[PDB]
Amino acid sequence: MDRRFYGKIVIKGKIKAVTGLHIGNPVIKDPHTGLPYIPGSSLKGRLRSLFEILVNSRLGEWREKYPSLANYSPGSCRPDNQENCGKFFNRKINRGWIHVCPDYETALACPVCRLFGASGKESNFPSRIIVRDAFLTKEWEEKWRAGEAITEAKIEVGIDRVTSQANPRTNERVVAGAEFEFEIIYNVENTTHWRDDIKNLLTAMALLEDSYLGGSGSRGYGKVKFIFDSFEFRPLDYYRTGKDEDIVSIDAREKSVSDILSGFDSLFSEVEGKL
Amino acid sequence: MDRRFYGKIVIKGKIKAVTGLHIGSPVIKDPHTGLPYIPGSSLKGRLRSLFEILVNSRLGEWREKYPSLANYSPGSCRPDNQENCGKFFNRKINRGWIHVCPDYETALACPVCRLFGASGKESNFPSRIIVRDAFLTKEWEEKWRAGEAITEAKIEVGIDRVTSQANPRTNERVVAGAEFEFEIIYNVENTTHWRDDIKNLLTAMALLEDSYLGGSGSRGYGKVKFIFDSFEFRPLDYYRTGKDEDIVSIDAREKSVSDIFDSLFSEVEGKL
Amino acid sequence: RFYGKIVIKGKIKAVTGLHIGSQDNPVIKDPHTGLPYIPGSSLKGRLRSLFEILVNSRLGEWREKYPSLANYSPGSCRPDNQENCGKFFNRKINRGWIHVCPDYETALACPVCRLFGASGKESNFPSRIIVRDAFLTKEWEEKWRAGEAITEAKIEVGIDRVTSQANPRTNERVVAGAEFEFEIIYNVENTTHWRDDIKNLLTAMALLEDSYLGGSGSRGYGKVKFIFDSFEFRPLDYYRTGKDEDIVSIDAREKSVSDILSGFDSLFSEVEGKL
Amino acid sequence: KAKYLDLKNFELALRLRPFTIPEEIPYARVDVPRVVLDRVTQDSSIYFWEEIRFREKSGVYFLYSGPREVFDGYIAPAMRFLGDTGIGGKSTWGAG
Amino acid sequence: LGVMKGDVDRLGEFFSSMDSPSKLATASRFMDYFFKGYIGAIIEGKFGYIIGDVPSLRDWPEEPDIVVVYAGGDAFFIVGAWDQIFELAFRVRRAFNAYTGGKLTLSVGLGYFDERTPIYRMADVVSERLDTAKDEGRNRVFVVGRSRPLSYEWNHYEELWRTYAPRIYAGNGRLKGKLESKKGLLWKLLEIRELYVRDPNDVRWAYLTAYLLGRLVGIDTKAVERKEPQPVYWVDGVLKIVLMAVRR
Amino acid sequence: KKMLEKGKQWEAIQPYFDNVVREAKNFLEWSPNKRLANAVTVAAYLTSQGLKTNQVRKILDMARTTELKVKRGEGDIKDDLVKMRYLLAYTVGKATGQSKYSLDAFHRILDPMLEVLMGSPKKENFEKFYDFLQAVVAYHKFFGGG
Amino acid sequence: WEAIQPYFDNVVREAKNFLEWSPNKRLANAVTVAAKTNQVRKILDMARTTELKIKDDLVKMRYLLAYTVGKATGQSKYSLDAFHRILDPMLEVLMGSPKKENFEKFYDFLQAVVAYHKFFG
RNA sequence: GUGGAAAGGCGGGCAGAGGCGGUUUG
RNA sequence: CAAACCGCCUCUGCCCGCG
RNA sequence: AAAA
Ligand SMILES: [Zn+2]
Ligand SMILES: [Zn+2]
Ligand SMILES: [Zn+2]
């Protein structure tokens, strides 16, 4: 009931992978232009699984602020077999357990399934962020015409603990510094609580730059670091005039912890003026 | 009451699958040529579905420009299962809710329904746009003939939050950069409001150009771009004489937000 | 009277899928073989509807060429439920309103009913075209005997605007690219009316190039395309003696817009010399 | 019950001999649904229409006796005329 | 709207065997009184000790909705709720088997019409399907319209419905557990049924059924001993009733 | 025989498994029910072993390409028939494991039905291997392996 | 197996240009060559770069082919004698030729060697 | 001197919501 | 010279209107 | 029309 539209907050920028990365030992690449890419599902799922962990283990500081977390408790339905109990991760996919609210208007109050979307039997809360596949930047198109190593074949040995025997194999991983170009669109469906979702998404980006992205990562395959070009707002009036009548946040140097830093309410104040 | 006809504005161009493009069926493929395509059902129902919510947000701010928006108030009719009450989304399809006005004189003033058409009991408004199926271009027929891959099989997975137990599946999606050739016909049934209908169709095209088309979309499977070729007019006398008497707007290198407007359509104004 | 019969032959090309239906929705098919076909009524009435709307636009501008359009005002008779009160779409058949003239001598001057035929009371002007039924070209029966699919099964869906709930249905559509073989036989009853009747028939065909033919047309199920082979005049003396007196214009590679202007001053110069 | 005998059987049964009926009728009485749409609202109205739909090699015929100048001056031109305007029915739908 | 015609087969041979008027009068009165009297007592819902198991979509109501147009010497013509007519045809057959000693049979042509249909055509469909279900075997039933390269025996259908129906149909218009949300499994099997009419000789319909039940399945020369049709052909009139009486 | 594929069906359904297979050293062996009858018994004793299933679909896509070339796609339908022989053992030339013995019941039936197609009809002489290629997958799904 | 080594030697004497044969003699010689693994990966990965994209890449590929005997010495000269023998005739013709044709036969031979290498030892 | 004359099975409806190619091996 | 697994599930699948 |  009552889906609305106010605008589309657009987050562009780049992803400077500081350490060599491996989504995938073939990295999955674009079949038309050869080059690798970061998929959009691969970023959205890693932001969601690094944010359900933030929510699940801290159910004190959120449940007064987000109702309908009173149906949960820190845990998982992995030991027993119920799809709906007090344990948090309630949906079994087919062999793994992931939090999805099974109702529309519980997901309308949940702090996970109100931003990343949710499934349901005839309930189905659709998402509010869309995450697009990050290809390279044009300053790696121009580094690919020079015939340079867009990837590298690393050889990571497996040492036997008894016979002291080696067992090497080759991983194939994207080169360090390979800077992919992302695109995240928040879809403003309610003017009351978009502060919560945008601060929530920047929390997920901080917990992503803390963590890794793709591959093992424990051995070094992640180290993802966002570099923002332009938050924008694009109100409804943009899609009817087509002018430059869209609110632009300027943070061309700032950091994902610095944008969520004291001054979120200082930078987004024009969006607050436009709602 | 009173259907007229002055001409037919024809929009031609290309649809650029900037990312991959999933429209399920395995992507649909026509049975003869075997290549994938975009239907016109999948595209009209996604221009509509966006302009719906665009109207639903501005539902009170227009009812002096578009009457019969006064007779709605925002939301769905799911929390009170009735057909036609004060809520905007007032038709049940099978178990889901969609705005279609129930009459001819009501829907003649709806902005959604004068452009995408309506249905109903004892009255019926038919559409003004024709959205034809979009097959691959001339270049990509031959890129298929030269041996390239036109689709891909992408492999995704689903990770358990606790033990990192992962569960794969395979999607099948059109490769990025693939380009389909479309056509949209607005049938000028009234010379009072054709500017508003062409401008609402461009609002729906712009909202589609920021959202996705088909498939997962929130995971990257969308991202259509509109590469314009030709607005044409084809007036009432093109069809009788046959001679090239049709007015063309020169927009071969413009954006769907760059058409939207008085400079382009001036001869169509003067031709009335 | 009668002065011969002009036979127009050619092909139809279903450039997009063609759907007509047979009361999970089948298309109509020949009950013996099983192949589809385009009816003659489904083609003729679509031509008549298109030319009705075109005429209703021009009830002010053709009053001197065609009289008895002076007896009609542009509109429809649905609100004031008296038939032929003075609006154009004046006759109600069962629940819908058509322009069909009520007399012979008023329909001899109305350009729709002069060509497509009227019914009236005590009067009955019969039609002046025969839209012959359209069957698959023998190439497409040979493709039908190669095991190739001649119809498809397209699954469409309806979707909730708030909760995105799929509600699917299927339609059985003819495979795009199909070829049918049409014939339209005009009856030369009065040697004045012939130019205007064939020009109006080709105008009605050219509105159908930009419209559709049956089924969900605005969702992309029409796009018919006329590909002419030849015209024949078949004079009065041909039916008397049975020799070869009939003028055969040849327009093998011409479209209906290339036919209305290019051939009407030129490919009918031989027919006007025989009347 | 049977209505039409084959030419060979028919000549049998004219002499009161045992005969066989054909095991197949050469046509089908099918009723197609049609519709009438008003031009403003596309609002429909069905009626049904019966017709005789023939097979691939099948059709219809009739016989003529009498002299040959009547056939050659009257019936043979009449059959070339009526091939392009049919025998009864909705002949503007290309029926007869 | 379910419109059933259908009469007693080869009855003139039976009345041409009576060798007195006192015997003919008895035989004609009993054959009369079955259709005049003991067919309304069926539709009231009686005689279940003799009738028993029948192909039924729903529990038999207290006051059914069936209108008897005619019921006479050997025939009837009955309309009503089109999926209570279905139980009534087999129920009247099971009661006519019992009223006779088993010596006489009846054919039934069935038609399921939209409620607002002219009555000459609504009668000439059923009266043609009775001749179709009658010139074949004179013990038949035309259960539903069907495609073939058409009717069934009675005991054949009631032996099918013991098997194919209670594994997919629960009762009162509801399918079984977990075959719910698999309604498309029931229609696409009728796709695999329709690769059999397109060619009965091609054997592609066996592994496709084995695949689709993995995601009927095997052939037998008991059919190919004399070329009678395969068991995938005798599932249209059993699946198609259950599809028409579950949510279409 | 749904209960066959029991544990000794590998030692039961190899009575004459490769003899008639090598007797079908061309494609158009027998159009009849012998195709399906062989194709059940081929998968009947694969199932007692591993038979990693989803490493086949490249041949399915390749047969789709050759079938589009049947549908007026290319006049040379010879190179893709050889590209399968290029990829005939590269799978067992990539990695081995537990299901290799079922591959022993898979590699012996390859070269009877793969060395044929150099001087063959391109459109014809192909549907029977195209049917055996799917009925084994189908009945293997039906016995419960995939 | 002295008859097969003479058969391979005669086939490499018949291996003149990059368009070797229309028939299975490409595969029939790939069987005889396949009858190491990590030393071919430097060219099997070089086989990837000849598809996405030029002039110096053929010279670099010939140097990487000569690098196989140009790195390993000792008793690795008799078993690596034919590695220079069959392939390099199917590359000297490819100097004055477009890159879209006449290489896929060499590609299919070079990888049908490896495709039957692990199976046939 | 045709059981005829006139009559578009058609209007409206996104194959969609949810899901890190990943866990361990100096 | 890659050891081992997981290789699709969850939900609707023709309606309202003409006779 | 198998006594509708
Ligand atoms: Zn949630
Ligand atoms: Zn509306
Ligand atoms: Zn008129």
# chains A, B, ... in the order shown; residues from 1 in each chain; ligands from 1

$ residues_near_ligand --ligand "ligand 3" --cutoff "12 Å" --atoms "only C-alpha atoms (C1' of nucleotides) and all ligand atoms" --output "ChimeraX atom specification"
/C:48,51-52,55-56,59,66-72,84,87-91,98-120,124-127 /H:6

$ interface_residues --of "chain I" --to "chain E" --cutoff "8 Å" --atoms "only C-alpha atoms (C1' of nucleotides)" --output "list in words"
residues 11, 13, 14 and 19 of chain I

$ write_last_selection --atoms "C-alpha atoms (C1' of nucleotides)" --output "PDB file, in the first residue's frame"
ATOM      1  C1'   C I  11       4.854 -17.314  -5.470  1.00  0.00           C
ATOM      2  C1'   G I  13      -0.045 -19.067 -14.319  1.00  0.00           C
ATOM      3  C1'   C I  14      -6.388 -15.821 -18.059  1.00  0.00           C
ATOM      4  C1'   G I  19     -24.814 -13.039 -26.503  1.00  0.00           C
TER       5        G I  19
END

$ interface_residues --of "chain D" --to "chain H" --cutoff "12 Å" --atoms "only C-alpha atoms (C1' of nucleotides)" --output "list in words"
residues 32, 33, 34, 35, 36, 37, 38, 39, 40, 41, 42, 43, 44, 45, 46, 47, 48, 49, 82, 85, 86, 87, 88, 89, 90, 91, 92, 93 and 96 of chain D

$ residues_near_ligand --ligand "ligand 2" --cutoff "10 Å" --atoms "only C-alpha atoms (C1' of nucleotides) and all ligand atoms" --output "PyMOL selection string"
chain B and resi 52+55+68-69+72+88-90+98-104+106-119+125

$ write_last_selection --atoms "N, CA, C and O atoms" --output "CSV table (one decimal), in the first residue's frame"
chain,number,residue,atom,x,y,z
B,52,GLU,N,2.8,5.8,-13.7
B,52,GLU,CA,1.8,5.5,-12.7
B,52,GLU,C,2.2,6.2,-11.3
B,52,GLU,O,1.5,6.9,-10.7
B,55,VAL,N,2.4,9.9,-11.3
B,55,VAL,CA,1.2,10.5,-11.1
B,55,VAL,C,0.7,10.4,-9.6
B,55,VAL,O,0.2,11.3,-9.0
B,68,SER,N,-10.5,14.4,-13.1
B,68,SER,CA,-10.7,13.0,-12.7
B,68,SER,C,-9.4,12.4,-12.1
B,68,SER,O,-9.3,11.2,-11.9
B,69,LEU,N,-8.5,13.2,-11.7
B,69,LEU,CA,-7.5,12.9,-10.6
B,69,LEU,C,-8.0,13.4,-9.3
B,69,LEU,O,-7.4,13.0,-8.3
B,72,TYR,N,-9.4,10.4,-6.9
B,72,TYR,CA,-8.5,9.4,-6.3
B,72,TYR,C,-7.8,10.1,-5.1
B,72,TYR,O,-7.8,11.3,-5.0
B,88,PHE,N,-6.1,5.1,-5.7
B,88,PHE,CA,-5.6,5.3,-7.1
B,88,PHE,C,-5.4,4.0,-7.8
B,88,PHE,O,-5.8,3.8,-9.0
B,89,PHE,N,-4.9,3.0,-7.1
B,89,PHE,CA,-4.6,1.7,-7.8
B,89,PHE,C,-5.8,0.8,-7.7
B,89,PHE,O,-6.0,0.0,-6.8
B,90,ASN,N,-6.7,0.9,-8.7
B,90,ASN,CA,-8.1,0.5,-8.5
B,90,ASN,C,-8.5,-0.6,-9.5
B,90,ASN,O,-9.7,-0.7,-9.8
B,98,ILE,N,-3.5,-2.3,-9.9
B,98,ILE,CA,-3.0,-1.5,-11.0
B,98,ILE,C,-4.0,-0.4,-11.3
B,98,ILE,O,-5.2,-0.7,-11.3
B,99,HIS,N,-3.6,0.8,-11.6
B,99,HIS,CA,-4.5,1.9,-12.0
B,99,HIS,C,-5.0,1.8,-13.4
B,99,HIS,O,-4.2,2.1,-14.3
B,100,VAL,N,-6.2,1.5,-13.6
B,100,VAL,CA,-6.9,1.7,-14.9
B,100,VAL,C,-8.3,2.3,-14.6
B,100,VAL,O,-9.0,1.9,-13.7
B,101,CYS,N,-8.5,3.5,-15.2
B,101,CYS,CA,-9.8,4.2,-15.0
B,101,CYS,C,-10.9,3.3,-15.6
B,101,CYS,O,-10.8,2.6,-16.5
B,102,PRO,N,-12.2,3.4,-15.0
B,102,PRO,CA,-13.2,2.5,-15.4
B,102,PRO,C,-14.2,3.0,-16.4
B,102,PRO,O,-15.2,2.3,-16.6
B,103,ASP,N,-13.9,4.1,-17.1
B,103,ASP,CA,-14.9,4.6,-18.0
B,103,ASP,C,-14.2,5.4,-19.1
B,103,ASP,O,-13.0,5.5,-19.2
B,104,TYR,N,-15.0,5.8,-20.1
B,104,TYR,CA,-14.4,6.6,-21.2
B,104,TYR,C,-14.3,8.1,-20.8
B,104,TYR,O,-13.2,8.7,-21.1
B,106,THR,N,-14.1,9.3,-17.8
B,106,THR,CA,-13.2,9.5,-16.7
B,106,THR,C,-11.8,9.4,-17.2
B,106,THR,O,-10.9,10.2,-16.8
B,107,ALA,N,-11.5,8.4,-18.0
B,107,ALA,CA,-10.1,8.2,-18.5
B,107,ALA,C,-9.7,9.1,-19.6
B,107,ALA,O,-8.5,9.1,-19.9
B,108,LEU,N,-10.6,9.8,-20.2
B,108,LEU,CA,-10.2,10.9,-21.2
B,108,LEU,C,-9.5,12.0,-20.5
B,108,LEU,O,-8.7,12.8,-21.2
B,109,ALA,N,-9.7,12.2,-19.2
B,109,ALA,CA,-9.0,13.2,-18.5
B,109,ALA,C,-7.9,12.7,-17.5
B,109,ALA,O,-7.2,13.4,-16.9
B,110,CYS,N,-7.8,11.4,-17.5
B,110,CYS,CA,-6.6,10.9,-16.7
B,110,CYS,C,-5.4,11.0,-17.6
B,110,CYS,O,-5.4,10.8,-18.8
B,111,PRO,N,-4.3,11.5,-17.0
B,111,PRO,CA,-3.1,11.6,-17.8
B,111,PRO,C,-2.4,10.3,-18.2
B,111,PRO,O,-1.8,10.2,-19.2
B,112,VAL,N,-2.6,9.3,-17.3
B,112,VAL,CA,-2.0,8.0,-17.6
B,112,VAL,C,-2.9,7.3,-18.7
B,112,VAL,O,-2.3,6.8,-19.6
B,113,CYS,N,-4.2,7.4,-18.5
B,113,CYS,CA,-5.1,6.6,-19.4
B,113,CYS,C,-5.4,7.3,-20.7
B,113,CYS,O,-5.8,6.5,-21.6
B,114,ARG,N,-5.2,8.6,-20.9
B,114,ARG,CA,-5.4,9.1,-22.2
B,114,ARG,C,-4.2,8.7,-23.1
B,114,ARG,O,-4.3,8.9,-24.3
B,115,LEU,N,-3.1,8.2,-22.6
B,115,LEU,CA,-1.9,7.9,-23.3
B,115,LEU,C,-1.6,6.4,-23.4
B,115,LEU,O,-1.1,5.9,-24.4
B,116,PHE,N,-1.9,5.6,-22.3
B,116,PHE,CA,-1.7,4.2,-22.3
B,116,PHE,C,-3.0,3.4,-22.4
B,116,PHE,O,-2.9,2.2,-22.3
B,117,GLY,N,-4.1,4.1,-22.4
B,117,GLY,CA,-5.4,3.5,-22.6
B,117,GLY,C,-5.9,2.7,-21.4
B,117,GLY,O,-5.2,2.4,-20.5
B,118,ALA,N,-7.1,2.3,-21.5
B,118,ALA,CA,-7.8,1.8,-20.3
B,118,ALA,C,-8.8,0.7,-20.8
B,118,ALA,O,-8.7,0.3,-21.9
B,119,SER,N,-9.7,0.3,-19.9
B,119,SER,CA,-10.6,-0.7,-20.2
B,119,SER,C,-11.9,-0.4,-19.4
B,119,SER,O,-12.1,0.7,-19.0
B,125,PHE,N,-11.7,3.1,-22.9
B,125,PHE,CA,-10.8,3.9,-23.7
B,125,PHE,C,-9.6,3.2,-24.3
B,125,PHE,O,-8.9,2.6,-23.5

$ residues_near_ligand --ligand "ligand 1" --cutoff "12 Å" --atoms "only C-alpha atoms (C1' of nucleotides) and all ligand atoms" --output "MDAnalysis selection string"
(chainID A and resid 48 51:52 55:56 66:72 88:91 98:120 124:127) or (chainID H and resid 18)

$ write_last_selection --atoms "C-alpha atoms (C1' of nucleotides)" --output "PDB file, in the first residue's frame"
ATOM      1  CA  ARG A  48      23.774  -6.852   2.415  1.00  0.00           C
ATOM      2  CA  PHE A  51      24.939  -5.160   7.067  1.00  0.00           C
ATOM      3  CA  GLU A  52      22.734  -7.973   8.331  1.00  0.00           C
ATOM      4  CA  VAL A  55      21.885  -5.331  12.541  1.00  0.00           C
ATOM      5  CA  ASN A  56      21.678  -8.844  13.976  1.00  0.00           C
ATOM      6  CA  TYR A  66      12.889   0.483  13.732  1.00  0.00           C
ATOM      7  CA  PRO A  67       9.767  -1.384  14.850  1.00  0.00           C
ATOM      8  CA  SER A  68       9.049  -4.997  13.854  1.00  0.00           C
ATOM      9  CA  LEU A  69      12.493  -6.071  14.984  1.00  0.00           C
ATOM     10  CA  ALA A  70      10.628  -7.335  18.054  1.00  0.00           C
ATOM     11  CA  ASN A  71       9.967 -10.584  16.144  1.00  0.00           C
ATOM     12  CA  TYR A  72      13.655 -11.518  16.205  1.00  0.00           C
ATOM     13  CA  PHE A  88      16.950 -13.689  12.761  1.00  0.00           C
ATOM     14  CA  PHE A  89      17.981 -15.403   9.535  1.00  0.00           C
ATOM     15  CA  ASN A  90      14.534 -16.669   8.637  1.00  0.00           C
ATOM     16  CA  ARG A  91      14.652 -17.597   4.935  1.00  0.00           C
ATOM     17  CA  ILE A  98      19.548 -15.245   4.938  1.00  0.00           C
ATOM     18  CA  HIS A  99      17.359 -12.621   6.627  1.00  0.00           C
ATOM     19  CA  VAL A 100      14.333 -11.578   4.563  1.00  0.00           C
ATOM     20  CA  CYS A 101      11.158 -10.230   6.168  1.00  0.00           C
ATOM     21  CA  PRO A 102       8.238 -12.339   4.895  1.00  0.00           C
ATOM     22  CA  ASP A 103       5.760  -9.461   4.994  1.00  0.00           C
ATOM     23  CA  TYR A 104       5.358  -6.112   3.258  1.00  0.00           C
ATOM     24  CA  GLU A 105       4.687  -3.925   6.266  1.00  0.00           C
ATOM     25  CA  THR A 106       7.181  -5.635   8.487  1.00  0.00           C
ATOM     26  CA  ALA A 107       9.780  -4.933   5.811  1.00  0.00           C
ATOM     27  CA  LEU A 108       8.437  -1.372   5.675  1.00  0.00           C
ATOM     28  CA  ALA A 109       9.728  -0.991   9.248  1.00  0.00           C
ATOM     29  CA  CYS A 110      12.763  -3.309   9.059  1.00  0.00           C
ATOM     30  CA  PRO A 111      16.135  -1.558   8.603  1.00  0.00           C
ATOM     31  CA  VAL A 112      17.442  -4.244   6.239  1.00  0.00           C
ATOM     32  CA  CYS A 113      14.466  -5.167   4.122  1.00  0.00           C
ATOM     33  CA  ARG A 114      13.353  -1.536   3.704  1.00  0.00           C
ATOM     34  CA  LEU A 115      16.513  -0.593   1.697  1.00  0.00           C
ATOM     35  CA  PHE A 116      17.841  -3.870   0.150  1.00  0.00           C
ATOM     36  CA  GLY A 117      14.363  -5.239  -0.611  1.00  0.00           C
ATOM     37  CA  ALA A 118      12.615  -8.464   0.296  1.00  0.00           C
ATOM     38  CA  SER A 119      10.754 -11.395  -1.201  1.00  0.00           C
ATOM     39  CA  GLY A 120       7.471 -12.880  -0.050  1.00  0.00           C
ATOM     40  CA  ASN A 124       7.208  -8.871  -1.906  1.00  0.00           C
ATOM     41  CA  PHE A 125       8.667  -5.528  -0.804  1.00  0.00           C
ATOM     42  CA  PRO A 126      10.794  -4.367  -3.781  1.00  0.00           C
ATOM     43  CA  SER A 127      14.084  -2.654  -3.165  1.00  0.00           C
TER      44      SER A 127
ATOM     45  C1'   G H  18      14.547 -12.015  -3.295  1.00  0.00           C
TER      46        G H  18
END

$ closest_atom_pairs --of "chain C" --to "chain H" --cutoff "9 Å" --atoms "only C-alpha atoms (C1' of nucleotides)" --output "Markdown table"
| residue | atom | partner | partner_atom | distance |
| --- | --- | --- | --- | --- |
| C:20 | CA | H:9 | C1' | 6.9 |
| C:21 | CA | H:9 | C1' | 6.1 |
| C:22 | CA | H:9 | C1' | 7.0 |
| C:23 | CA | H:9 | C1' | 6.4 |
| C:41 | CA | H:8 | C1' | 7.0 |
| C:42 | CA | H:8 | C1' | 4.7 |
| C:43 | CA | H:8 | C1' | 6.7 |
| C:44 | CA | H:8 | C1' | 7.2 |
| C:45 | CA | H:8 | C1' | 4.4 |
| C:46 | CA | H:8 | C1' | 4.5 |
| C:47 | CA | H:8 | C1' | 8.0 |
| C:48 | CA | H:8 | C1' | 8.2 |
| C:49 | CA | H:8 | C1' | 7.4 |
| C:93 | CA | H:7 | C1' | 7.3 |
| C:98 | CA | H:7 | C1' | 8.6 |
| C:100 | CA | H:6 | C1' | 7.2 |
| C:116 | CA | H:6 | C1' | 8.8 |
| C:117 | CA | H:6 | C1' | 6.4 |
| C:118 | CA | H:6 | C1' | 5.0 |
| C:119 | CA | H:6 | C1' | 4.4 |
| C:120 | CA | H:6 | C1' | 7.9 |
| C:123 | CA | H:5 | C1' | 9.0 |
| C:124 | CA | H:5 | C1' | 5.6 |
| C:125 | CA | H:5 | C1' | 7.4 |
| C:126 | CA | H:5 | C1' | 6.1 |
| C:127 | CA | H:6 | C1' | 8.5 |
| C:155 | CA | H:15 | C1' | 6.9 |
| C:156 | CA | H:15 | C1' | 6.1 |
| C:157 | CA | H:15 | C1' | 5.8 |
| C:158 | CA | H:13 | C1' | 4.9 |
| C:159 | CA | H:14 | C1' | 6.6 |
| C:163 | CA | H:17 | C1' | 7.9 |
| C:164 | CA | H:17 | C1' | 6.1 |
| C:165 | CA | H:16 | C1' | 6.7 |
| C:166 | CA | H:16 | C1' | 5.4 |
| C:167 | CA | H:13 | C1' | 8.8 |
| C:168 | CA | H:15 | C1' | 7.4 |
| C:213 | CA | H:8 | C1' | 8.0 |
| C:214 | CA | H:8 | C1' | 6.9 |
| C:215 | CA | H:10 | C1' | 6.7 |
| C:216 | CA | H:10 | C1' | 8.4 |

$ closest_residue --among "B:7, B:45, B:74, B:126" --to "chain D" --atoms "only C-alpha atoms"
B:126

$ closest_atom_pairs --of "chain A" --to "chain B" --cutoff "8 Å" --atoms "only C-alpha atoms" --output "tab-separated table"
residue	atom	partner	partner_atom	distance
A:1	CA	B:76	CA	4.9
A:2	CA	B:75	CA	3.7
A:3	CA	B:75	CA	6.7
A:4	CA	B:57	CA	5.3
A:5	CA	B:57	CA	5.7
A:6	CA	B:57	CA	7.2
A:30	CA	B:176	CA	7.5
A:31	CA	B:175	CA	6.8
A:32	CA	B:175	CA	6.7
A:39	CA	B:220	CA	7.1
A:40	CA	B:220	CA	4.8
A:41	CA	B:219	CA	4.3
A:42	CA	B:219	CA	8.0
A:44	CA	B:219	CA	6.7
A:49	CA	B:161	CA	6.4
A:53	CA	B:161	CA	7.9
A:76	CA	B:162	CA	7.7
A:89	CA	B:161	CA	7.9
A:93	CA	B:158	CA	7.4
A:94	CA	B:167	CA	7.2
A:95	CA	B:167	CA	6.8
A:96	CA	B:160	CA	4.3
A:97	CA	B:160	CA	4.9
A:98	CA	B:161	CA	5.9
A:127	CA	B:218	CA	7.1
A:129	CA	B:218	CA	6.7
A:130	CA	B:218	CA	4.0
A:131	CA	B:219	CA	5.4
A:132	CA	B:220	CA	4.0
A:133	CA	B:220	CA	5.3
A:236	CA	B:54	CA	7.7
A:239	CA	B:203	CA	5.4
A:240	CA	B:203	CA	5.6
A:241	CA	B:260	CA	6.0
A:242	CA	B:257	CA	4.8
A:243	CA	B:257	CA	7.8

$ interface_residues --of "chain G" --to "chain I" --cutoff "12 Å" --atoms "only C-alpha atoms (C1' of nucleotides)" --output "short mmCIF file (atom, residue, chain, number, x, y, z; two decimals) with N, CA and C atoms, in the first residue's frame"
data_model
loop_
_atom_site.label_atom_id
_atom_site.label_comp_id
_atom_site.auth_asym_id
_atom_site.auth_seq_id
_atom_site.Cartn_x
_atom_site.Cartn_y
_atom_site.Cartn_z
N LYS G 36 54.95 -31.11 -22.28
CA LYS G 36 54.35 -31.30 -20.97
C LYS G 36 53.02 -30.56 -20.86
N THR G 37 52.73 -30.02 -19.68
CA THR G 37 51.50 -29.27 -19.43
C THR G 37 51.78 -27.84 -18.99
N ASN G 38 52.66 -27.64 -18.01
CA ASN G 38 52.96 -26.30 -17.53
C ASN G 38 53.86 -25.51 -18.48
N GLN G 39 54.59 -26.19 -19.38
CA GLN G 39 55.39 -25.50 -20.38
C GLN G 39 54.57 -25.05 -21.58
N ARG G 41 51.41 -23.76 -21.07
CA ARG G 41 50.58 -22.68 -20.55
C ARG G 41 51.08 -21.30 -20.95
#
